[PDB]
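Okay, so here's just one chain, in structure tokens, the form deposited in one PDB entry.
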């Protein structure tokens, strides 16, 4: 009925990581064009949205829509058992109470099979994404990961501000302060180091550093990170998949 085969289990593992620090109970809607998942934290400042396209799997077959409500902790326990390089195949016949996970390795000499029991998770799906954001911005995820990791040393809240040609991060907690200033540049070897900034309106927003910290563990899925900011809206942090993405919508501090 449903058969999704990841070329490498690391992918699913990493996706599930991006979620697990933010919530435990998540519905995975599987359909003909792939899988989506949406989940909010308890404070409802952070919404995590995932979409995994068909071409993102080595092989993918879903006969008809089916929801897989899962406990992220239980799931990650099971994922602990396979390794980053195993092929992972999720499988379910329709109207399921549980799914199956298949790791193989091609030496040789491995083929482990587990079965997770599904739960019923009550979900009211949200479509809060805006048409355009005041500023759009991309950069190496590794770089953004450091800026966050660093600045979250001084303050429990980080302030991001965009003016013409300047992106600026600032943490100013009791103990001390730091300010990173970066700017748009293309660098051809390679251009995945480059920093892109499109600004309609300048924006000056502040976020809980604790959540930014969650958001940047998606760095493992993508060389780069996209960031859309608006004055009156949750910020959108995005890591592109081969086909799809993991996105984090995060409420600016009032």
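Numbering follows the first chain given and starts at 1.
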property	result
Stretch exceeding the other in mean C-alpha B-factor - 81-89, 105-113	81-89
Selected stretch [higher average CA B-factor]: 63-71 or 43-51	63-71
Selection by C-alpha B-factor (highest) of 36, 186, 229, 212	186
Chain-relative CA temperature factor third for residue 17	middle
Ranked against its chain, the third holding the CA B-factor of residue 199	middle
CA B-factor ranking of residue 168, expressed as a third of its chain	middle
Residue 28 by Cα B-factor - lowest, middle or highest third of the modelled chain	lowest
Residue 175 - Cα temperature factor, lowest/middle/highest third of chain	highest
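Beyond what is shown, the protein has a form solved in complex with a partner chain; the following relates to that form.
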query	finding
Non-hydrogen atom contact residue 229 with the partner chain in the deposited bound form at 4.5 angstroms	no
Distance check, residue 44 to the partner chain in the deposited bound form, heavy atom within 4.5 Å	yes
The partner chain contact at residue 16 in the deposited bound form, heavy atom, 4.5 Å	no
Partner proximity in the deposited bound form: residue 40 to the partner chain, non-hydrogen atom cutoff 4.5 Å	yes
